[PDB]
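Right, one structure below, let's go through it.
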Amino acid sequence: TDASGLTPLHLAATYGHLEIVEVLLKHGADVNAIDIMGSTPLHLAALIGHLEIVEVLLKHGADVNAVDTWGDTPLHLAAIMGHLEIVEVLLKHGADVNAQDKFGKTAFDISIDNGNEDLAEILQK
Amino acid sequence: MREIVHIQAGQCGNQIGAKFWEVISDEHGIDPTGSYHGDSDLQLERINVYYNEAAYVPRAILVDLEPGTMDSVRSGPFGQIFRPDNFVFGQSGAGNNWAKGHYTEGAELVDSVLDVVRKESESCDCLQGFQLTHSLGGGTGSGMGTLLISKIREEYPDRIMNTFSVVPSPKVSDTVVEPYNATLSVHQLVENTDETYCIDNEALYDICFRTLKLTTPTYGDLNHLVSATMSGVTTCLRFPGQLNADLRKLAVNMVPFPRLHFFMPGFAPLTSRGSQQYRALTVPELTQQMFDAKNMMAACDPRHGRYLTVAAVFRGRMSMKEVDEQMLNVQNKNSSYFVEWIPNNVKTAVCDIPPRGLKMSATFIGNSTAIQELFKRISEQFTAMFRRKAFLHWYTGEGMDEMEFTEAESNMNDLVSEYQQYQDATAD
Amino acid sequence: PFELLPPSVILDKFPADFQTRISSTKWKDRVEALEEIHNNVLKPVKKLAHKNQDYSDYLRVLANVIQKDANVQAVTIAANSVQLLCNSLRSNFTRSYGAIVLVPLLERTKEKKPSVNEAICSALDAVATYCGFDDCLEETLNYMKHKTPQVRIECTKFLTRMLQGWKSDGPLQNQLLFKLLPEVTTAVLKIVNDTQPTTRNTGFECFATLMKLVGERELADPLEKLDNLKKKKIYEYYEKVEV
Ligand SMILES: Nc1nc2c(ncn2[C@@H]2O[C@H](COP(=O)(O)OP(=O)(O)O)[C@@H](O)[C@H]2O)c(=O)[nH]1
Ligand SMILES: [Mg+2]
């Protein structure tokens with residue numbers, strides 16, 4: 001970690017470095033490592049939309065319902081940006097849908113606050 | 001108020017710009033050679049606006065940092081008609097970075113563009129204004145475009161600045177820094193352009209998918225709707241009409257407040273690429289399909305906001321009296337969705353010449369407060385990435401301070417709040 | 001004054017890889033070359049050498065990038081160095097040093113980014129505090145009649161700044177008085193009657209800041225040619241303006 005708490009896994013999962021992720025995880029890098037803001041490598045992977053990274057993170061036991069300082073879970077971030085394939089994979093690994101951020105808007109309240117007709121279909125199917 | 005200088009910047013700018021010049025050159029009876037082969041004289045009545053005299057050449061400037069689209073346009077069907085000297089294309093690209101186009105490598109090329117801009121302006125009897133096509137989610141059209149706007153603004157402070165800005169969406173391009181670029185670009189258009197047509201790609205995609213029933217829409221499927229919409233909103237400018245003749249008269253009728261100059265265009269009927277839709281829709285149909293959300297080029301529900309000003313343009317031989325009855329009806333039957341404190345805010349024009357392929361068409365231009373939904377959508381994606389400062393090193397590495405992101409985010413939310421402010425104002 | 005400080009010498013510190021780098025087709029080279037001499041040579045000093053040092057060679061390479069460089073980033077860091085020079089070199093910009101940067105700063109007031117307009121104005125203020133109205137007065141009036149609306153409002157605001165801190169030497173008949181109505185009040189009226197509102201708003205202040213210095217009855221003659229409306233916006237600032 002540095003002055004922010006970011007690990008090589010955070011930054012590899014953020015900027016789509018799959019080969020760097022698979023290697024760090026083979027040699028035992030903490031998947032649930034949080035930075036100073038509570039962001040896990042799964043948070044940043046769901047944010048940028050690296051599907052292959054999101055699955056590899058989960059396959060090593062990634063906390064799928066972790067919360068950062070702002071109260072967002074990887075399901076919130078995969079939804080706000082519209083990475084629908086990642087939205088599915090999270091739910092298929094037990095992503096809780098009722099998580100409320102500091103503002104109180106859940107995953108379904110974000111599919112509504114932006115009128116995402118695509119997301120509303122998957123979010124309850 | 002006569003001649004209009006057209007500019008296309010970036011990948012998307014030169015794409016929809018070349019497709020727009022194909023459309024109007026045909027409507028004005030101009031073949032790729034530049035010669036006139038039309039029949040009616042109304043085509044040549046106001047050809048001086050977009051074209052120059054030859055021995056007809058478009059008054060268009062083509063800009064991009066990447067020379068890729070330079071050759072894709074010249075290899076196009078109408079690529080031989082543009083002036084060779086009007087191609088201003090740099091060496092390196094923009095990498096879909098607003099800061100590279102606006103601050104770094106676009107500023108190194110912008111002086112070359114203003115030299116071509118000046119050239120086309122000196123040969124104008126009376127320059128009416130400028131017209132820009134670009135994408136807000138890109139790097140060159142977003143970054144270098146807003147720089148070109150602010151540069152033209154300081155050199156031509158008396159001319160209208162009009163833009164055709166397309167909005168990024170996850171349903172099309174998968175680049176994640178597009179909310180950054182669009183937020184930084186909207187932060188410029190709100191303070192530099194006199195009028196801006198919002199062309200949402202999420203709306204264009206939903207139209208090709210849910211209305212034209214195309215499973216996998218391509219950019220040609222999307223740019224077909226853009227060229228049709230651009231041809232309609234420019235009809236009154238190139239054909240001898242009475243209402244909204246020049247750029248300023250249109251802006252004086254459509255922009256009640258300076259920052260609220262973001263228009264929600266519509267068009268009917270929604271045709272496909274080379275399909276069969278012969279039967280010219282009736283006037284009551286053209287009016288119903290004009291005022292719906294399924295024909296808006298912007299992902300906003302007009303039911304969620306109020307229309308400040310409205311400009312409707314009908315094309316084709318039809319009963320002008322039957323048009324007034326319909327345009328009156330939709331107003332007094334949906335009076336809650338029209339601002340009371342602006343009397344006669346809806347204005348309808350008629351043009352005898354239809355677009356090539358149809359007998360009756362109708363183009364909608366609305367200054368609705370529902371356009372805040374579009375900015376709310378972009379502002380949500382912007383903050384989601386910005387809270388984690390993802391990819392910020394792109395823009396800081398090109399000189400931008402982190403504060404510039406906070407300001408552009410703040411001014412966009414101010415623009416949203418203002419659109420809500422007049423959505424709640426009453427008459428009493 | 002606390003200006004008994006030892007004058008340090010900084011014209012030696014300039015590395016050989018500078019005049020080549022500051023004249024490069026790569027923006028990074030020009031930005032880094034200006035920034036290093038700003039942060040490492042000009043920043044950690046407070047009193048420069050007034051004698052046996054000709055900074056005019058360095059000042060004109062700053063004006064070249066201020067006026068002509070397209071990289072707005074370098075324009076900012078270069079104008080800051082000008083402000084630092086004339087600050088740390090009190091009573092140095094007699095004529096050549098003051099004029100080598102004045103008109104490039106006025107021309108570059110076109111830039112609208114607040115950080116850049118802040119840097120160029122603060123340097124224009126710093127060159128004015130040591131050259132009150134040498135070239136400034138005569139040269140500032142020229143750029144209030146410039147074609148660009150942005151350089152009109154900024155050069156007009158800049159006169160108000162110098163006009164505010166106008167203490168002169170006295171007793172009377174200074175360069176301002178003999179140009180009061182022949183040129184100065186005429187250039188201000190063009191701003192007062194500009195087509196744009198924010199521009200006129202600058203001239204309203206600038207006119208009211210002028211009536212603050214010279215008796216308000218002395219300028220009642222050009223006041224009557226003005227609209228009764230423009231008279232109330234001018235009297236508006238007269239209550240707020242002082243010095
Ligand atoms: N409708 C439409 N949108 C486009 C087209 N090309 C690019 N875009 C959009 O523009 C954005 C990328 O900007 P682009 O023009 O490629 O980068 P630029 O060259 O720096 O302006 C993406 O979000 C795309 O959705 C096009 O042909 N049609
Ligand atoms: Mg692209």
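Going through the structure tokens in order, the chains are called A, B, and so on, while each chain numbers its residues from 1 and the ligands are numbered from 1 in the order shown.
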
Contact table chain B vs chain A, cut-off 8 Å, shortest pair per residue, only C-alpha atoms, as JSON lines:
{"residue": "B:170", "atom": "CA", "partner": "A:82", "partner_atom": "CA", "distance": 6.3}
{"residue": "B:176", "atom": "CA", "partner": "A:48", "partner_atom": "CA", "distance": 6.6}
{"residue": "B:373", "atom": "CA", "partner": "A:114", "partner_atom": "CA", "distance": 7.7}
{"residue": "B:376", "atom": "CA", "partner": "A:114", "partner_atom": "CA", "distance": 7.7}
{"residue": "B:377", "atom": "CA", "partner": "A:114", "partner_atom": "CA", "distance": 6.0}
{"residue": "B:380", "atom": "CA", "partner": "A:80", "partner_atom": "CA", "distance": 7.1}
{"residue": "B:381", "atom": "CA", "partner": "A:81", "partner_atom": "CA", "distance": 5.7}
{"residue": "B:384", "atom": "CA", "partner": "A:77", "partner_atom": "CA", "distance": 6.8}
{"residue": "B:385", "atom": "CA", "partner": "A:47", "partner_atom": "CA", "distance": 6.9}
{"residue": "B:388", "atom": "CA", "partner": "A:44", "partner_atom": "CA", "distance": 7.8}
{"residue": "B:390", "atom": "CA", "partner": "A:14", "partner_atom": "CA", "distance": 7.5}

Inset, instruction - List all protein, DNA and RNA residues that have any atom at most 6 Å from ligand 1, counting only C-alpha atoms and all ligand atoms, and write the list as a list in words. - result: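 So, counting only C-alpha atoms and all ligand atoms, the residues near ligand 1 are residues 10, 11, 12, 15, 94, 96, 135, 137, 138, 139, 140, 141, 142, 168, 172, 173, 201, 219, 222 and 223 of chain B.
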
Legend entry - Contacts of residue 258 (chain B) at 9 Å (only C-alpha atoms; same-chain gap of 6+ positions) as number ranges by chain: B: 190-191, 194

Write the residues of the preceding selection, restricted to C-alpha atoms, as a tab-separated table (two decimals), in the first residue's frame.
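Final output, selection-v8.tsv:
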chain	number	residue	atom	x	y	z
B	190	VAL	CA	-23.28	26.38	-21.91
B	191	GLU	CA	-21.03	29.48	-21.94
B	194	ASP	CA	-25.75	30.45	-28.87

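Interatomic distance, CA of residue 392 (chain B) to CA of residue 406 (chain B): 12.0 Å.
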
Legend entry - Selected residue, from B:354, B:145, B:34, B:157, that lies nearest to chain C when counting only C-alpha atoms: B:157

Inset, instruction - For chain C, work out the contacting residues on chain B at 6 Å, counting only C-alpha atoms, and write them as a list in words. - result: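 So the contacting residues turn out to be residues 107, 108 and 154 of chain B.
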
Legend entry - Non-local contacts of residue 160 (chain C) (9 Å; only C-alpha atoms; under 3 positions in same chain excluded) as a list in words: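 My reading of the contact set: residues 155, 156, 157, 163, 164, 165, 202, 205, 206, 207, 209 and 210 of chain C.
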
Inset, instruction - Determine the nearest neighbour of ligand 2 from the options B:40, B:276, B:52, B:97, counting only C-alpha atoms and all ligand atoms. - result: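 Between B:40, B:276, B:52, B:97, the residue approaching ligand 2 most closely is B:97.
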
Legend entry - Residues near region 85-99 of chain C, cut-off 8 Å, only C-alpha atoms, skip fewer than 4 positions along chain, as a ChimeraX atom specification: /C:42,45-50,55-56,59,81,103,126-127,130-131,134-135

Legend entry - Between CA of residue 203 (chain C) and CA of residue 76 (chain C) - distance in Å to one decimal: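 Computing it gives 26.6 Å between the two atoms.
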
Inset, instruction - Mind checking which residues fall within 12 Å of residue 417 (chain B), counting only C-alpha atoms, ignoring those fewer than 2 positions away in the same chain, and posting them as a list in words? - result: residues 259, 260, 369, 370, 371, 372, 373, 375, 376, 410, 411, 412, 413, 414, 415, 419, 420, 421, 422, 423 and 424 of chain B

Legend entry - residue 1 (chain A) surroundings by only C-alpha atoms, 9 Å radius, close-in-sequence under 6 positions cut, as a ChimeraX atom specification: /A:7-8,35

Legend entry - strand (DSSP E or B) residues, from DSSP on the backbone, in region 10-64 of chain B, as a list in words: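 Selecting the strand (DSSP E or B) positions of region 10-64 of chain B gives residues 30, 36, 51, 52, 57, 58, 60, 61, 62, 63 and 64 of chain B.
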